[PDB]
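give me coordinates for this.
(6 chains, ligands or ions: 1)
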Amino acid sequence: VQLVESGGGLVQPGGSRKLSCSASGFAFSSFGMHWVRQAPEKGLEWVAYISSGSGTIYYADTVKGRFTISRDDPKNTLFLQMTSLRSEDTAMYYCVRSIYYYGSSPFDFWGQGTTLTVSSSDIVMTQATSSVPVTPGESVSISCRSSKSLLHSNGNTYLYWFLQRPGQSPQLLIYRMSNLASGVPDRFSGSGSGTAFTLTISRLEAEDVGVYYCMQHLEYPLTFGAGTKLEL
Amino acid sequence: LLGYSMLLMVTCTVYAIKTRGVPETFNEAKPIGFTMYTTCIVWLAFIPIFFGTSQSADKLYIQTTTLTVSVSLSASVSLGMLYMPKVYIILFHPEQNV
Amino acid sequence: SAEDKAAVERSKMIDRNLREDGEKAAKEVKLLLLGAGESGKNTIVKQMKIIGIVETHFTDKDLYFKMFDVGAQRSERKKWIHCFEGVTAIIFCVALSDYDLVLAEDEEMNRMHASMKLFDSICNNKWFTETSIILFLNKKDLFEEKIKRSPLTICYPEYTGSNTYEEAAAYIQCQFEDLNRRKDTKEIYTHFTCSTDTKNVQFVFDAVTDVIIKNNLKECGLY
Amino acid sequence: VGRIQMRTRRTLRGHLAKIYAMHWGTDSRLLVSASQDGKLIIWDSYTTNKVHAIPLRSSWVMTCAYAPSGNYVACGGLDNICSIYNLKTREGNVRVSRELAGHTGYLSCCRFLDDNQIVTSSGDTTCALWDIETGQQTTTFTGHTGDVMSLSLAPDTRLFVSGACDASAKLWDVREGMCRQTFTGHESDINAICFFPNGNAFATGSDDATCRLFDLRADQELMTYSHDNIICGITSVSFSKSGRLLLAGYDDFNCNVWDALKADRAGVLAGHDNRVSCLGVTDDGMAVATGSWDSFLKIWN
Amino acid sequence: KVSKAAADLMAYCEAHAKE
Amino acid sequence: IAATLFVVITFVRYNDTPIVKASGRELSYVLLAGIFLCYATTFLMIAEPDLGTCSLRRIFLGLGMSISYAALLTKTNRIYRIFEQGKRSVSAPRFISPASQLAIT
Ligand SMILES: O=C(Nc1cccc(Cl)c1)c1ccccn1
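Numbering: from 1, shown residues only, chains lettered A, B, ... in the order given. Here you go, the structure:
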């Protein structure tokens, strides 16, 4: 119900530093834990994922021995065990809560995260037309690309929709098959035939400025939008 | 073959002495241990006569006869002193059969 | 298939929990407790405490017992008891202190025969005739303070015997244990009760063990 | 229609104790079942996995219910309280919402009228209407002659029938709470209760193999679907969304299916090594489910 | 009731390809 | 052989008696057939030492010194478990089913 990141960050250049976010107010025992990482300027990308019981050890396409995951289910917390350092590690790490079953809404609640500064097949799904300066009430529309179809023969589209307020944790708007999730308010919708998706928010108002994401969940390697730059 | 049989006998004996707490209805512990020991005695009697008459006449007359006699004696001891008391109770004393 | 694999793995994780929960339930022995109106069915449950169905749990020699009462539930007893099929032992409690009554306040029957009308019924319905029927003889102490008074002839006209505990005790078994038209599979474990002693729970363990052993013996054609 | 014998597409294993409860949601994709191991388990015939497994406070639970929106689940049993569980929770795990107490009678049917109202019927000869907000009996249905253990609702959410096992078959109303219609003439205690999808018919299943249906507008006995050589009883009954198919669960280790007017056997669902105590059809009408005492659940599609 | 029984002429559990 | 025939005749005639049921009626014909083979290896040895007979002697000896004491061993283990497990659980010690015992033997 409340997740905050701690453990360190910006301790020294070139020195490994493992970090962990504290969790509270939920089981976590039957909950998938992600380690989706945000680029320093724009872009929140996924690097690790563990399921209930530590059965699933899916990793990102940048496979390396330094990237590990450990489910602190007994502690309800989690482990990262960071090793070495790289220029790509200058980023903004978050924490993700997700569950997987019919009617479930994965990626509901995300923690505030912390900034980690370091010194010296895939859908990709980047919002191409991510620049529409419009005043409130203009019914903003955001379109994300898709290399192939996201329907895995199950009749639903494995796509997630996000909303990231400035200086705040990302909030999911509608989960797969274009249905509301996380108890977010109404007027949040959007769908398309195939390999083409759009955003439909009518009765536009404030408290929606920031960056938007377009996530695929067809298989192990996940991806999101590079960045949306729609403001008021 | 005799070593495998003796190992099976040892397991039977350890099992029999483990299951001694069963009441008299299923108390197949003392007869089983007795049968194990009797078969062991029969085989230990078979070993010297079989393995000693090597450089002697009538080796065929001794070895095969003593081996089959020991096998028959072990089988007879097992069958008789395992089931014959039960057959006795069944068809000679028709009062404990209920 | 990432979510489908996680959903499939979720069922496997739950299945492991079911096996662990089922293993505990499998070794747990179910006990059915029943009786007539104030027939001592509530006095027994107060014995193995330290050592509308209410459920009590206690441990006695690596056994997890669980009683399921019936006094607090008033419904059609003869048609909801199908859920209790498979209960290892059915503890029946009758107090030897109420073999007299002014009718029944609801019908024309004394408590002794009314209790005997439930003991026979519970061992004749085609749900419980597999394991056993455990009987408890409550109010054993107060029974003597009524046997030298008005005898058992009030309830049992055909009673012909002495007027002591030894003669009376043998009769009690005949009144209750000899209520089975079938004796090949069902057995009655008649044994008295102690007011302030732990021997009552001792009779529970071995009697439940005896029917448990016979249950395995009855299966596989070995009994 | 034809001789549609059976088609066991899948078998839902995992259960260990006897099953007396099975309900299907409005999405035609989720199934909920109860067992005596104190573990209420929610299934789904599309994938065959345990989506939720909420432990049960009373192992004697004899009934199940699924909310129309798929957000609540209820249990009854020989414990006299309805433990309402909210499926959609921020914490994720399934937890109890409110315990509906005040029955003093065994529980075997508590259908979900809506996301807020419950039509819990108990074995103390009286039914009740419950409210989630206050946890008190809004209505105090009384007037039956015996214990009632099986109800069935209607799509319009404005009428329900409470049938006790004494040839009562009393029809009540959700609001005014009085017996508007009564059907009598049954020769044995009833155990199965169903409602027509159209909302203008009503059938019963008793422990005499005499599964019969009646009419709401006119109180008379329709075709009784007389059995040929069946002497056992009936535990569960349900109606398909088509409305021209009768399905009942019998005590003779099998199930039988009839027609609306033919009143003849149209298929045997004998695939369970025990008596069948559960039956239900999806609101859409695709696939059928069956629960029994051998801790095995199967889907007939 | 007869009309309601035949109302769902395009129902399931008779012949279809969907699971 | 005569004693074994008498024993099997007695055991199959009174096949419902508890005393023969208590002795493992399922794992009793196997033991009696093993004793029969142990007896018949004597007749086999008496015959001519042909290649087939020489092989059959070894086969009979190897089978007879083991099948009887495995049927007995299996029965003992099963009974011990039945009572041993019943001291702490109701779900049976393991596969004490007659088909299981045969499979173990
Ligand atoms: O002779 C016997 N046993 C034996 C077995 C192997 C080697 C040796 Cl020197 C002795 C024996 C056994 C039983 C009774 C009498 N006697």
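
and the longest helix anywhere in chain B, what does it pack onto?
For chain B, the helix that runs over the most residues, judged by DSSP state H, is helix B:59-91. Of the remaining helices and strands, those touching helix B:59-91 by 3 or more Cβ pairs under 8 Å, 6 or more residues apart in numbering or on different chains; DSSP states H and E are helix B:30-52, helix F:2-13, helix F:18-21, helix F:26-46, helix F:51-86. To be clear about C-beta, it is placed using only N, CA and C from the backbone, and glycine gets the same treatment.

pull the residues that contact the fourth one.
The contact list for helix F:26-46 (Cβ atoms under 8 Å, 6 or more residues apart in numbering or on different chains) reads B:64, B:68, B:71-72, B:74-75, B:78-79, B:82-83, C:220-221, F:1, F:4, F:7-8, F:11, F:20, F:53, F:56-57, F:60-61, F:63-65, F:67-68, F:71-72, F:74-75, F:78, F:98, F:101-102, F:105.

chain center to it, what's the gap?
How far helix F:26-46 lies from its chain's middle: 9 Å, per Cα atoms, centre = their mean, to the nearest Å.

which ones are touching the spatially most central residue of chain C?
The centre of chain C sits closest to residue C:91, judged by Cα atoms, centre = their mean, with a distance of 1.1 Å. Residues near residue C:91 by Cβ under 8 Å, 6+ apart: C:31, C:32, C:33, C:34, C:44, C:67, C:134, C:135, C:136, C:204.

nearest to residue D:271, of those?
Distance to residue D:271, by Cβ to Cβ, is smallest for residue C:32 among the contacts of residue C:91, at 31.1 Å.

setting the sequence-adjacent residues aside, check what's closest to the closest one.
Spatial nearest neighbour of residue C:32, excluding adjacent residues (Cβ to Cβ, 6 or more residues apart in numbering or on different chains): residue C:90 at 4.1 Å.

show me the contacts for the nearest residue to residue A:212 once chain neighbours are set aside.
Computed as Cβ to Cβ, 6+ apart, the closest residue to residue A:212 that is not its neighbour in sequence is residue A:228, at 3.9 Å. Counting by Cβ under 8 Å, 6+ apart, residue A:228 touches A:127, A:130, A:142, A:211, A:212, A:213.

how many neighbours does the first one have?
For residue A:127, the tally of surrounding residues (other Cβ atoms under 10 Å in any protein chain shown) stands at 23.

residue of chain F nearest chain A, please.
The minimum distance from chain F to chain A, using Cβ to the nearest Cβ, falls at residue F:91 (26.1 Å).

what does chain B have sitting close to the ligand?
When proximity is defined as Cβ under 6 Å from any ligand atom, chain B approaches the ligand at B:41, B:44, B:45, B:47, B:48.

list the contacts for the closest residue to residue C:62 other than its chain neighbours?
Nearest-residue entry for residue C:62: residue F:88, 4.6 Å, with adjacent residues in sequence omitted and distances by Cβ to Cβ, 6+ apart. By Cβ under 8 Å, 6+ apart, the residues touching residue F:88 are C:27, C:62, C:63.

once you drop chain neighbours, what's closest to residue 88?
This is for chain A. In space, residue A:88 is closest to residue A:62, 7.9 Å off (Cβ to Cβ, 6+ apart).

that answer is for a different chain, and I need it for chain D
Computed as Cβ to Cβ, 6+ apart, the closest residue to residue D:88 that is not its neighbour in sequence is residue D:71, at 4.9 Å.

these two touch, right, that neighbour and residue D:86?
Yes: between residue D:71 and residue D:86 a contact is recorded at 6.4 Å, counting by Cβ atoms under 8 Å.

hmm, stretch F:62-76 in reach of chain B?
Yes: using Cβ under 8 Å from any Cβ of the partner chain, stretch F:62-76 reaches chain B at F:62, F:64, F:65, F:66, F:68, F:69, F:70, F:72, F:73, F:75, F:76.

which residue is the nearest non-sequential neighbour of the last one?
It refers to residue F:76. Nearest one to residue F:76, counting by Cβ to Cβ, 6+ apart, is residue B:15 at 4.3 Å.

doesn't residue F:74 make contact with the one you found?
No: the pair residue B:15 / residue F:74 is not scored as a contact, 9.6 Å apart, by Cβ under 8 Å.

nearest to residue A:91, of the helices and strands packed on helix B:59-91?
Per Cβ to Cβ, nearest to residue A:91 of the helices and strands packed on helix B:59-91: helix F:51-86, 58.5 Å.

PyMOL command for the buried members of the residues of stretch F:62-76 next to chain B?
This is how PyMOL selects the buried members of the residues of stretch F:62-76 next to chain B, with burial counted by 16 or more other Cβ atoms under 10 Å in any protein chain shown:
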select buried, chain F and resi 64+65+66+68+69+70+72+73+75+76
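
is it true that residue C:51 lies in a helix?
No: per DSSP: H, G, I helix; E, B strand; the rest coil, residue C:51 lies outside any helix segment and is coil.

residues near it, how many?
Other residues within reach of residue C:51, judged by other Cβ under 10 Å, total 10.

contacting residues for it?
Taking Cβ under 8 Å, 6+ apart, one finds C:58, C:60, C:198, C:201 in contact with residue C:51.

can you report phi and psi for residue D:240?
Per-residue torsions, residue D:240: phi -70, psi 160 (degrees, to the nearest 10).

can you report how many residues neighbour it?
23.

with adjacent residues omitted, what lies nearest to it?
residue D:281 (4.8 Å).

look up how far residue A:39 lies from the one you found.
52 Å (Cβ to Cβ, to the nearest Å).

who has more neighbours, the two?
Taking other Cβ under 10 Å, residue D:281 and residue A:39 do not tie; residue D:281 has more neighbours (24 against 14).

does the more buried one touch residue D:242 like I think?
No: Residue D:281 lies out of contact with residue D:242 (Cβ under 8 Å); the separation is 9.2 Å.

re earlier: quick check: which element contains the residue nearest to residue C:62?
If you go by DSSP states H and E, residue F:88 is not part of any helix or strand.

okay, it and residue C:212: tell me how far apart.
9 Å.

can you get me a residue count around the one residue in chain C that gets nearest to chain E?
Taking Cβ to the nearest Cβ as the measure, the point where chain C comes nearest chain E is residue C:4, at 15.5 Å. The local packing of residue C:4 (other Cβ under 10 Å) involves 14 other residues.

which SS state does it fall under?
Following three-state DSSP, the label given to residue C:4 is helix.

so who does the residue nearest to it when sequence neighbours are not counted touch?
Leaving aside its sequence neighbours, residue C:4 sits nearest to residue D:47 (Cβ to Cβ, 6+ apart; 7.1 Å). Going by Cβ under 8 Å, 6+ apart, residue D:47 touches A:102, C:4, C:7, C:8.
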